[PDB]
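What follows is one structure encoded as structure tokens, with my remarks underneath.
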Amino acid sequence: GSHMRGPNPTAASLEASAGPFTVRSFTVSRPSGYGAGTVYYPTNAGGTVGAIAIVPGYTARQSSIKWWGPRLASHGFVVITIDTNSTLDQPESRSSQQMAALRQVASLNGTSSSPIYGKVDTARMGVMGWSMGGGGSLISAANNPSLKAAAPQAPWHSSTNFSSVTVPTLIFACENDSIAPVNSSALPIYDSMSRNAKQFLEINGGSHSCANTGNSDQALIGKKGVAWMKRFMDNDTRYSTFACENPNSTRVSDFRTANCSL
């Protein structure tokens with residue numbers, strides 16, 4: 001069961017600002033169970049694509065995470081970036097809202113007026129987000145083991161115990177994070193997970209915002225996010241090396257992976 005779309009990947013094609021597909025976007029008119037959303041979609045993927053829902057951190061909005069929308073969509077995904085009902089929502093609420101966004105993407109896939117009408121494989125879904133939105137993504141993964149992939153950034157949750165998670169999980173960490181320190185947040189979360197394909201990618205000298213819109217490492221972070229989603233959401237074994245490899249970069253202060261075959 002593989003859903004291979006687009007050309008055979010290269011380090012160069014994955015590091016580029018844009019993948020092979022053309023991207024359009026729209027604002028969701030009547031968000032159902034979350035604050036606001038922007039839907040990014042490929043116009044020319046040549047098949048139905050998985051959907052990814054991305055949630056910001058505490059006080060934050062779509063702007064903090066929006067760079068992911070076109071970057072992932074241009075490689076063959078429908079991506080929804082959300083605002084939460086309140087900027088002060090906690091991780092459980094962020095998880096519910098993330099899953100509501102995926103539910104509404106599935107709804108719009110069935111809506112003839114929608115730009116994403118018949119563009120989505122509602123069986124193939126993924127979750128991403130920053131800090132409390134990253135914690136929320138891991139809660140979404142724990143509660144919904146049918147999700148194909150999770151790739152949270154600088155995650156925080158009130159508990160680091162994600163031992164039940166079977167969903168392939170890529171944690172982006174920021175070496176010098178002083179909001180959700182790696183030693184008390186990202187790494188204990190990574191270490192809790194014994195049942196899944198998982199990866200830990202720490203950005204050298206990174207602050208808490210090291211994977212956000214306007215980061216200086218979009219070539220590397222974008223390559224790893226896309227490769228992880230292509231490998232696990234599409235079961236596209238063309239991406240096994242890109243997903244599972246140590247990227248061998250002086251921008252990476254720490255790399256860990258498990259159950260991830262090249």
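Considering only the stretch 76-96, I want to know if a residue exists there that is aromatic (F, W, Y) and touching a residue at least 24 places away in the same chain (Cβ under 8 Å). Lay out the reasoning, then the answer.
Initial filter on the stretch 76-96 (aromatic (F, W, Y)): 77.
Add one more test, that the residue is touching a residue at least 24 places away in the same chain (Cβ under 8 Å), and what stays is 77.
Scanning the stretch 76-96, I find at least one residue that is aromatic (F, W, Y) and touching a residue at least 24 places away in the same chain (Cβ under 8 Å), so the answer is yes.
Return yes when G206 is assigned to a loop (DSSP other than H, G, I, E, B) and farther than 20 Å from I54 by Cα and no when it is not. It would help to see each step written out before you state the result.
Values: assigned to a loop (DSSP other than H, G, I, E, B): yes; farther than 20 Å from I54 by Cα: yes.
Against the criterion (assigned to a loop (DSSP other than H, G, I, E, B) and farther than 20 Å from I54 by Cα), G206 qualifies.
Six or more apart or on different chains, Cβ under 7 Å: which pairs go from a residue in the stretch 40-54 that's surrounded by fewer than 24 Cβ atoms within 10 Å (Cβ to Cβ) to one that's part of a strand (DSSP E or B)? Could you list them?
So the pair list comes out as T43/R24; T48/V120; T48/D121.
Among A101, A60, which is the only one that is under 17 Å from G135 (Cα atoms), in contact (Cβ under 8 Å) with a residue 60 or more places away in the chain, of a type in the set (A, V, I, L, M, F, W, C) and surrounded by fewer than 24 Cβ atoms within 10 Å (Cβ to Cβ)?
The conditions single out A60.
Kindly list, by first and then second residue, each pair from a residue in the stretch 177-192 that is under 17 Å from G205 (Cβ atoms) to a residue that is part of a loop (DSSP other than H, G, I, E, B) and hydroxyl-bearing (S, T, Y), limited to pairs with Cβ atoms under 8 Å and residues at least 6 apart or on different chains.
Close Cβ pairs satisfying both conditions: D177/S185; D177/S207; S178/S207; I179/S131; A180/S131.
Could you check the stretch 220-242 and list, in sequence order, the residues that are of a type in the set (G, A, S) and in contact (Cβ under 8 Å) with a residue 60 or more places away in the chain?
Pass one, the stretch 220-242, residues of a type in the set (G, A, S): 222, 225, 227, 240.
Correct list: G222, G225, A227.
Being touching a helix residue (DSSP H, G or I) at 6+ places or on another chain (Cβ under 7 Å) and outside any helix (DSSP H, G or I) is the filter here, so list the residues in the stretch 239-256 that pass it.
Once the filter is applied, which keeps residues that are touching a helix residue (DSSP H, G or I) at 6+ places or on another chain (Cβ under 7 Å) and outside any helix (DSSP H, G or I), the stretch 239-256 yields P247, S249, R251, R256.
I'd like to know if the stretch 195-203 contains one or more residues that are in a loop (DSSP other than H, G, I, E, B) and over 15 Å from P155 (Cβ atoms).
Step one: list which residues in the stretch 195-203 are in a loop (DSSP other than H, G, I, E, B), which gives 195-197.
In the following step, the residues that additionally are over 15 Å from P155 (Cβ atoms) were identified as 195, 197.
The answer is yes; a qualifying residue exists.
Here is a yes/no grid of residues against (1) surrounded by fewer than 22 Cβ atoms within 10 Å (Cβ to Cβ); (2) more than 24 Å from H75 (Cα to Cα):
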residue: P181; (1), (2): yes, yes
residue: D191; (1), (2): yes, yes
residue: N215; (1), (2): yes, no
residue: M229; (1), (2): no, no
residue: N248; (1), (2): yes, no
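Every residue, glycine among them, receives a Cβ derived from its backbone with ideal geometry; neighbour counts consider all protein chains shown. Bear in mind that the values in this text are calculations on the coordinates, not laboratory data.
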